[PDB]
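Take a look at the letters that make up each chain.
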Amino acid sequence: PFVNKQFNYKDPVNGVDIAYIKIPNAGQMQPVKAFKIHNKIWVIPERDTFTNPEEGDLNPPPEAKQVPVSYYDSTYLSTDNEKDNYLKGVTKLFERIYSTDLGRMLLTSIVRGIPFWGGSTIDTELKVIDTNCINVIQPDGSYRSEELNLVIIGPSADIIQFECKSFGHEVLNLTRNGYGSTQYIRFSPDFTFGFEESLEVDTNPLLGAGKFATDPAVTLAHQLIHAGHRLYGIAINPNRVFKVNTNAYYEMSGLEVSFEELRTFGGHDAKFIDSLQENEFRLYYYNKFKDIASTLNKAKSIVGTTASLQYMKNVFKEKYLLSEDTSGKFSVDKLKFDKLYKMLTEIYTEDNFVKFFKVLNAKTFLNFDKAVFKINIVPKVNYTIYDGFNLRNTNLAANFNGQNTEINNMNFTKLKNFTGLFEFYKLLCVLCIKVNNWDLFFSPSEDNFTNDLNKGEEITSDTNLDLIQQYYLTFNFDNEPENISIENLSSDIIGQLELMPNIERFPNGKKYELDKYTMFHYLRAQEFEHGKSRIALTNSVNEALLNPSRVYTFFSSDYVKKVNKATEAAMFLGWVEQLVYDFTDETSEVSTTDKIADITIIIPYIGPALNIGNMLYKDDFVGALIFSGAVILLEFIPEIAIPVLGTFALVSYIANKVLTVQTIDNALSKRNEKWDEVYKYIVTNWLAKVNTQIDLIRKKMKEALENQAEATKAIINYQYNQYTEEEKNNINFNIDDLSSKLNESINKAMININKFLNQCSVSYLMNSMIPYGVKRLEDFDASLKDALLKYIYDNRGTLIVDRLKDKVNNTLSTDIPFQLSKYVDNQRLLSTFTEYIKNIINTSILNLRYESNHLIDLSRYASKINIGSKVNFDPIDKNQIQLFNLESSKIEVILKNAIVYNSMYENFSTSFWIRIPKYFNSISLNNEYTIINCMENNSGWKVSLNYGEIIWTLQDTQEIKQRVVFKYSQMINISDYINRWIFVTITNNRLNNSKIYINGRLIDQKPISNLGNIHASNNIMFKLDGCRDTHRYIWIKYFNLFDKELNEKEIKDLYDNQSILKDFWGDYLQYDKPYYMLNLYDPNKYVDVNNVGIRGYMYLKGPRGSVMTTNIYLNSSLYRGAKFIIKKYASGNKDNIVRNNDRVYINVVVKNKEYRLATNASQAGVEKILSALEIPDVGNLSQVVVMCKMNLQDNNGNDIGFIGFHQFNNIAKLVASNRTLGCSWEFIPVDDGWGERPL
Amino acid sequence: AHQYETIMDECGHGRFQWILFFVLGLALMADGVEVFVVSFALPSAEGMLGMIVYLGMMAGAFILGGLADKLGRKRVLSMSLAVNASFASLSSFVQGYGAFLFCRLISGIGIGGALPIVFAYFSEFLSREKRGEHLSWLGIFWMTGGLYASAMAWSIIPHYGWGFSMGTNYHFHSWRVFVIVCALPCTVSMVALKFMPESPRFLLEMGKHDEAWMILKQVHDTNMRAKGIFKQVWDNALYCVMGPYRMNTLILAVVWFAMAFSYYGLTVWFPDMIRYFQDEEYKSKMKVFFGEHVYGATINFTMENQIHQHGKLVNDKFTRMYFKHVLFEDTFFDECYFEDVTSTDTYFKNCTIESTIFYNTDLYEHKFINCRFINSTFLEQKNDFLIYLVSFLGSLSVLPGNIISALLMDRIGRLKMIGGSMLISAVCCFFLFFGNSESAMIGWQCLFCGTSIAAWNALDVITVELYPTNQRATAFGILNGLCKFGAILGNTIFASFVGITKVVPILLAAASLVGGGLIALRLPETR
Ligand SMILES: *[C@@H]1O[C@H](CO)[C@@H](O[C@@H]2O[C@H](CO)[C@@H](O[C@@H]3O[C@H](CO)[C@@H](O)[C@H](O)[C@@H]3O)[C@H](O)[C@H]2NC(C)=O)[C@H](O)[C@H]1NC(C)=O
Ligand SMILES: *[C@@H]1O[C@H](CO)[C@@H](O)[C@H](O)[C@H]1NC(C)=O
Ligand SMILES: *[C@H]1O[C@H](CO)[C@@H](O)[C@H](O)[C@H]1NC(C)=O
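Caption draft 1: Summary view of the overall build of chain B. Of regular secondary structure, chain B possesses 20 helices and 16 strands. In terms of overall dimensions, chain B has C-alpha extents of about 95 × 50 × 45 Å along its principal axes. Here chain B holds 527 residues, and the buried ones make up 54% of them. Split by element, the accessible area of chain B, about 23,000 Å² in all, is 64% carbon and sulfur. For chain B, the distance from the average site of its 38 positive side-chain charges to the average site of its 40 negative ones is 9 Å.

What follows is the structure in structure tokens.
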């Protein structure tokens, strides 16, 4: 434990862990209680009324602070029970943050960061800073001064205001010059924020409403990261503020966000800053550390302490990771400085802690907190010691229900925030309305982003989850500076807090006159007061806004006509079922017009709901969006401008041979780096000025749907109240089920709207942002190619030649693919981007797919598709084609007479999947035979197979043959290239090269520039031709042709795209079928049974052996061990196909009799030895397994463990335990294509 | 020297010299059992890898052999036999062949310096006139050693291969107890040597003549009651060769090399020849099989000493059986099944093996020569008593030949005896050629041995009588080292020359003996 010996509150005043304390302050302060909790950390159970003199009262100020939410209380912390609970909670939060390894490293970093003793006016002396120590007064009467790092004090006047403060100096800015000082954290554990999250429905479609409470551990972690930045003296200047534009009506009035907050939030927010400012900060901090190292080198004396100067120098060199070269000459190395800076900046982030804790948190700081919740942490029945609010084994663990207020309501109590709902407001008029400040768009200014693109560059000879665990492994421990004796300072420690820059109060009540309706008017037109009078829906905002009793709706006229009708007792159940069904009908509508680029699901009713673009018609909105792209959604167009990129200058070493090649190599490398940097800048600009508006629109849609549901159930309850006693008792009704079903409809509509906004943002990025960069960037490539050309000839030859020009023409004529995988994390965004490119590029030349009981081309170009009589199709999946070595085992494809050119194929590609059986007959050696033909009259291409190799042949009219080959050996213990499903693709640039790719990996390139004219085949042939084997047969599926050359990116994702679990061969795993077993970690062994029963067990033995035939193949035996069978437990699918997340039972065949697999989870140890039992077993033992990995679950739903093996003594037994491997397995169905003989 | 000789003559022969003779015959027994355990135990434990210990003996015979003349005879013998016994006992508790061989090598280092010291020791105690007899008697103990070392060996470890096997259990430790018990004579000698006194003549040579008088008085009283620095040692060794003692030492070295060549070659050649004769007789037997068609047959028994040619073994099954000296050529298997089959010296050649399963077998790859597999698979895969007897008999054969040398060397001489014996043995060797049988071999072996012991005894006496007490030990030591050299040579050549020719080794042997028996005559007379 990090916190031993819990200190209660009424323990005595011994003096080393509990004592009375003098804090530094400007004036006089009385003795104050606190409890030492660890080395160099203290916790003070009192309100912060001593550090700042201006805050002498706890009354809410007349001028409320510009904060989204805030609560005030003056009797809190007053009594001793509150002090005890406060201290218990803060201790629990410290131990919880210490529990996680990342938090453990952060706590160690906090401990080690003792401030520098640079307070001596004389340069060569070390003196402690007077303002970074605490005077501990002993019961005897005297006091001792002691240094420390952190102080935890109850909140300020504003209770929920958690912050970090430091004690400054007259001339030294400690927090930003590498010295650092003690930090005071104004914090409380008893209160939490309450925010709203609407991006969880992807994981939990059954989620109800939001209103989630942030884990107080995360807030304490944020405070600790602020502290950690301040101890190492690397805090960013507070006056550096991410300024925003505030002139417009739709622009948020104003809010300060310093760059230190952006750094500490991390993750998505950390991308709001460009690389240039980060580089400036890094250089400045490196210079400051060089300065402190120089000062430490200069100093040779110390006054005011007992221990040696050498000991303190050792402590400081460990704190700053400095290096001394055995000569008393300290120096910092760029590598260790970079590592430490990355650890303090990029590793220690709020996002990483949220990911590790598995708790809800707002992904962006824009999602302002909306409530204050009183909580209780001291009891363990409310907040578990390990997993936070999400207690395991309970209903709260699932779906992250612990943080949901509406479920875990007995834990959270809502409080009335003292910031008015409309205290900070703006006025909009056309009929005037008021808007809260925190519900407006966030418009960053252009000044916050800068570029060094214009600056020219010269090149010389030499120019240039897991990572957390590697850093933890590399991290150092056991070195915590011991407590030190110092000469005591005065009775009173004078000192002033670090001065905060002044922020002027932003104006309130501004009036804006507009000639059009803004979306705020529409959003207000749907609210109501839920008075006694009847409320009526309407389709005109002009009346809904004016009349308080009339509420606007964007639904169809029949809906409002129905909801305005009075009905009788017998009719109400039909009325409510009709209205809920109809409501689902409008909420589920999606447009079918998909000719627009990757906006596949256009949702119309967003138009009249929020008045996007100033239309009130669904069809008009659809037309406007189709015409104008995603621009119309944005409230204001974000200006993007890429100035001319600087040129590149190369130095010349007269008569050089190998340094010049280095110069060209470095030129290429810097070209790649420039491309990467400009993509990064474009992405950060997009994320800063595009995503926020989309997020706000999504939030407005969510609240609009909720308001519509509110009005509907309000009018329904109004109608319900009209009845007399007999009707209401005879005819029952409740609102809970209606609320649940309406919320579920809201969620299913919200999934569609969220996805729609996702493609909107991605399409806008791909369409109206990247071309501006790419044009200037390819102009830069043109200039660079010109420079490299001038150097490659230079009208001289004293150089080092066709290879260099080939390389420069190759790389500087093509484009590097653009992906956000290397720029963004938001998983939702990631999927949309890639899925889009591949899905759209699917449409191509031939899309031969077998659906609707026929083999057809979905690319509507193929003329006719001939099917031979001797072809075969797989009953389990009709899309597989099996071809035999017979004449009628043929498939002819009549290629479109349109796309047939003599000199076509300039840039094009093919891709498909092949399964090849295992070669048996020795005559097949060197027996080349064509499998796919598009060659006529000695010109075309052909795919052919031979003994363990695939051959792609291109052939022109003038005899110039070009053969590219991919080979594999048959004499290997484990093969990925025999009887397995293999993705094969061929890319062709008739200008430069032909490339081959297998399952998405690079194999071979050959030049095809010497190729001339390659006339196009009339048709496509699918037939074995020239294969001497009388039994040879193939398997092929998903054949596709691409009219343009492909690239590594579009080919790799394609593999996964075309990729329901699969077997060893890649075919669909099937139920009620036997299967052998194979673990990837240990391939050379097989599974075996022993004395089956509760005492019985499965184990790993071998070797599996070997089956071979001379000079044809050698391979280890595969049909070894007892076969495994899988059958349905609760899957409702009629077919025997298994899919992901299917809970099924597992049985094994032993001497031709079936056994359940099950184990007793109550056995000691995390490892759970499985056993083979008879079918009449006992249901208590866990036997349900979910689905290439498999996980055993308890009968109550608890996961027993991932099925794997453990080396139990000398026996490799099988376990279900909660290793980088051992969770990988493989099923081997009996295959006729392999041919090994069982027995 | 005259007064010492006179007082030793007056002391006479009695209880004390007999007790000393026994406690020294113990060490000679230790030497004999070392020769046995190096020449017939290690070479059957693995080949002649262990022989290197012989080389170690060489160093001992020069390190602990020449040192004693400068330091002492009781102390050097005590240290030598103590280190031999201790390191043999350590070799008993050893896992692995390398450590055991190293321990045997250092034990050989310790014991190789025992024979010169024991002979020099006993030569300074017995009466001058009755010197040839008693010394000769000591020789028999040496031979007895081998006999004992042989007689027990076949009782304890009649199973070769115990050396190159450490993967076995803690049982099969018959070699461990054998190594323990082969250190019994040296242990009893170490117990006994605490009572025996130092050498009187050597002690007088160094000084402290009062101690010499005390030991002489003790010997006289016992007999009456019964009857009622390495620089110096190297210069000493050189003083034995390239000085006044020049021709005598050369002739003695030649004779010792010749005898230790022929004898230590033939003693190991004879068991090897008898084993080769048995092997030749055995090979004469075989069933030839041509054109077989074995259909649906399950084999359970053991078939041995057969060859199959052009066989067609279709749908056969070999389960839990033994293959012994059976050969397959041009045989066409078909879906045969091999289960728990254990093979020895069987070899498949040019066979077409199709659709078979080799499960739980030791028919490894090396047992297949130029064979073509088809659709096949390979699943999980798994007393030389006579020699000792022969040895015993040989060692035993010299016993009668020794007594007839013991009470005769004071009549014929010390030069005629060796000459004749050597020549006589060479004649017997020339009759070997004629013999070709088990009985014949052992008869010849015995004969040779019986006539090859008088020489050794004569040799021992002539080599211990010539040098004075100040070069004796050193000299004896080097001649023993040279004897160990000849041993290695003969035990290498004769051994390697088996099954290739018989006349060559025999002729070679005869020649050596003749040569030595002709040079032995050119030696200073000692009577
Ligand atoms: C080694 O084993 C392979 C396969 O285990 C053998 O090849 C197989 O031979 C059989 C017998 O001719 C073929 O069966 C065929 O079945 C069809 C459909 O019923 C029938 O019409 C034919 O008349 C024939 O009986 C089987 O297709 C074939 N398999 C392959 C992949 O070629 C092979 O003969 C064995 N021996 C050697 C030396 O390879
Ligand atoms: C092996 O047998 C085959 C067929 O019986 C024969 O053609 C071949 O020459 C044989 N090889 C030898 C060298 O025995
Ligand atoms: C092998 O099987 C045969 C036939 O059943 C039987 O007669 C014989 O006893 C078995 N082998 C042995 C050695 O027991």
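Caption draft 2: Just the site of ligand 2, in detail. All names here are of chain B. Neighbouring residues of ligand 2: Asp330, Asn350 and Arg372. The separation between a nitrogen atom of ligand 2 and a polar side-chain atom of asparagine 350 is 2.6 Å. Contact distances for ligand 2 include 3.1 Å between an oxygen atom and a side-chain N or O atom of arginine 372. Here ligand 2, which alone exposes 360 Å², has 28% of that area covered by the protein.

Caption draft 3: Inspection of the pattern of salt bridges at higher detail. All names here are of chain A. For the coordinates displayed, the defined rule picks out 44 salt bridges over all chains. Residue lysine 618 is joined to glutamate 589 by a salt bridge in which the shortest nitrogen-to-oxygen separation is 2.7 Å. In this pair, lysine 618 sits in helix α15 (residues 618–628) while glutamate 589 sits in the loop between α13 (572–587) and α14 (606–610), placing the two residues 29 residues apart along the sequence. Owing to a relative accessible area of 29%, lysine 618 belongs among the partly exposed residues under this scheme. Given the relative accessible area of 29%, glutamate 589 is considered partly exposed. What you see here is one network of salt bridges that share partners, running through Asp48, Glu163, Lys165 and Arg186.

Caption draft 4: View of the UniProt feature "disulfide bond" in chain A. Residues and elements named next belong to chain A. Taking the pair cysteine 429 and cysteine 432, which UniProt gives as a disulfide, the gap between the sulfur atoms is 2.0 Å, short enough to count as bonded. Relative accessible area serves as the criterion here: at 12%, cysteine 429 is assigned to the buried category. Between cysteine 1188 and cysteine 1223, where UniProt annotates a disulfide, the S-S separation is 11 Å; being 2.5 Å or more, the link is counted as missing. Of note, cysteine 1188 is situated in the loop between β49 (1184–1186) and β50 (1191–1193). Mapped onto the elements, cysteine 1223 comes out in the loop between β52 (1211–1217) and β53 (1225–1228).

Caption draft 5: The pairing of strand β9 (residues 183–186) of chain A, seen in detail. Residue and element names in this part refer to chain A. What you see with β9 is no split at all: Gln183 and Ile185 on one side and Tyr184 and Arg186 on the other are buried throughout. Bridging between strand β7 (residues 150–154) and β9 involves 4 bridges; their strand directions are parallel. Paired with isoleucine 152 across the bridge in β9 is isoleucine 185. Across 4 bridges, strand β8 (residues 163–166) lies against β9 in antiparallel orientation. Bridge pairing links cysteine 164 to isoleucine 185 in β9.

Caption draft 6: Fine view of the packing of aromatic side chains. Throughout the structure, instances matching the rule amount to 119 aromatic pairs over all chains. Taking 5.8 Å as the distance between ring centres and 40° as the angle between the ring planes, the aromatic pair formed by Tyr1081(A) and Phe1205(A) counts as tilted. Ring geometry for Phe358(B) and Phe368(B): centres 5.9 Å apart, planes at 50°, overall tilted. Taken together, the residues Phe358(B) in strand β13 (residues 357–359) and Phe368(B) in strand β14 (residues 368–369) connect sequence positions 10 residues apart. Through a chain of ring-to-ring contacts, three or more aromatic side chains come together here, namely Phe116(A), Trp117(A), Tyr179(A), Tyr284(A), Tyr285(A), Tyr286(A), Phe289(A), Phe316(A), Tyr320(A), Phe337(A) and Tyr341(A). Across from the ring centre of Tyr1097(A), 4.4 Å away, lies the NZ or CZ of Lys1213(A), which sits over that ring.

Caption draft 7: Main features of the sheet that holds strand β18 (residues 432–436) of chain A. Residues and elements named next belong to chain A. With mixed pairing, the 3 strands of this open sheet are ordered in space as β18-β17-β20. Single-partner strands in this sheet number two, and they are β18 and β20 (511–513). This sheet shows a mean twist of 25° between the axes of neighbouring strands, independent of strand direction. The pairing of strand β17 (residues 425–429) with β18 spans 5 bridges and is antiparallel. Paired with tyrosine 425 across the strands is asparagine 436, a residue of β18.

Caption draft 8: Broad picture of the domain arrangement of chain A. Residue and element names in this part refer to chain A. Domains assigned within chain A are domain 1 (18–23 + 35–50 + 64–232 + 276–415), domain 2 (843–1058) and domain 3 (1074–1228). Distance from the C-alpha centre of domain 2 to the C-alpha centre of domain 3: 38 Å. Contacts between the two partners involve 12 residues from domain 2, matched on the other side by 8 residues from domain 3. In total, about 890 Å² of surface goes out of reach between domain 2 and domain 3, with carbon and sulfur atoms giving 60% of it. When the area that domain 2 buries against domain 3 is broken down by residue, the three leading residues are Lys918, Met971 and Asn973, summing to 41%. Counting across the domain 2 and domain 3 interface gives 0 salt bridges. Scanning the region where domain 2 abuts domain 3 turns up 4 residue pairs in polar contact. Its residues placed into classes, the side of domain 2 that touches domain 3 shows 8 nonpolar, 3 polar and 1 charged.

Caption draft 9: Broad picture of the pairing of strand β1 (residues 18–22) of chain A. All names here are of chain A. Counting buried positions over the 5 residues of β1 gives 4, a clear majority of the element. Alignment of β1 against strand β5 (residues 133–137), held across 3 bridges, turns out to be antiparallel. Bridge assignment links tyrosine 20 to a residue of β5, and that residue is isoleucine 137.

Caption draft 10: Quick look at the interface of chain B and chain A. In this complex, chain B contributes 12 residues to the contact, which on the side of chain A involves 14 residues. The contact between chain B and chain A buries some 990 Å² in all, and 50% of this surface belongs to carbon and sulfur atoms. On inspection of chain B and its partner chain A, the count reaches 4 residue pairs in polar contact. Those elements that provide at least two residues to the side of chain B that touches chain A are β15 (372–374) and β16 (376–378) of chain B. Its residues placed into classes, the side of chain B that touches chain A shows 5 nonpolar, 4 polar and 3 charged. Bridge count for strand β43 (residues 1106–1109) of chain A against β16(B) is 3 bridges, and the pairing is antiparallel. Within the sheet, the bridge partner assigned to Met1108(A) lies in β16(B) and is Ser376(B).

Caption draft 11: Spotlight on unusual backbone geometry. Cis peptide bonds are those with omega within 30 degrees of zero, and the linkage from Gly1102(A) to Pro1103(A) qualifies with 0°. Here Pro1103(A) lies in the loop between β42 (1097–1101) and β43. Even without a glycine there, the phi angle at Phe400(A) is positive, about 55°. Turning to its location among the elements, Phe400(A) is positioned in the loop between β15 (371–374) and β16 (413–415). Unusually for a residue other than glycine, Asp340(B) sits at a positive phi of about 55°. For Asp340(B), the location among the structural elements is in the loop between β9 (337–339) and β10 (342–344). Here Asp340(B) falls in the partly exposed class, since its relative accessible area comes to 25%.

The rules behind each value
- Residues numbered from 1 in each chain as written, not as in the entry; some residues may be left out.
- Chains lettered and ligands numbered in written order.
- Heavy atoms only, no water.
- Helix = DSSP H or I, 4+ residues; strand = E, 2+ residues; numbered from the N terminus.
- Buried < 20%, exposed > 50% of the residue type's maximum accessible area, 1.4 Å probe, protein only.
- Areas by Shrake-Rupley, 256 points an atom, 1.4 Å probe, with all protein chains shown as cover.
- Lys, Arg positive; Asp, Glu negative; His and termini not counted.
- Charge placed at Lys NZ, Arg CZ, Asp CG, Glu CD.
- Near = heavy atom within 4 Å.
- Polar contact = N/O pair within 3.5 Å; in protein donor to acceptor, adjacent residues only side chain to side chain.
- Salt bridge = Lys/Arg side-chain N within 4 Å of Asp/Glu carboxyl O.
- Disulfide = S-S within 2.5 Å.
- UniProt positions renumbered as here; feature names shortened; annotations may be inferred.
- Pairing = 2+ DSSP bridges.
- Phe/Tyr/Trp six-rings, centres within 6.5 Å; stacked < 30°, edge-to-face > 60°.
- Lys NZ or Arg CZ within 6 Å of the ring centre and 35° of its normal.
- Axes fitted to C-alpha atoms, helices over the stretch in contact; angles between N-to-C directions.
- Domains from an automatic or database assignment.
- Contact = heavy atoms within 4.5 Å.
- Buried area = accessible area lost by both parts, 1.4 Å probe.
- Nonpolar A, V, L, I, M, F, W, Y, C, P; charged D, E, K, R; others polar.

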